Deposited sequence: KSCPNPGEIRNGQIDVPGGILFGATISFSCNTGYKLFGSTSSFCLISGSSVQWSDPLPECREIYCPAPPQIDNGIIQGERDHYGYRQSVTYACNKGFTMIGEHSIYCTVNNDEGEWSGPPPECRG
């Protein structure tokens, strides 16, 4: 009375604490920087729910600043990825030099607010 092999989830992982026999449940998760999409767990009643997906969390485009630019700005930003600011000729930077893309509640949000350039 045993269930089919869970299989596998790209960029995520199937957890199996109590076997896969009748009554056992498998849980699902994803690698940091990704958020699960679909059933968060399947129960061996043949499994109850089908396998979910792991989609990558992205941070919205970084903010721009006055009298300041972003060095080599890419298209997308994932977990741990960072953006770096530099003040223009004649200005001095206040605040932090660079912000990092984070993952909050399966939503990519930037570490903090962009720095400021003063004269």
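In this entry, the deposited residues absent from the coordinate set occupy a single span, 46-51.
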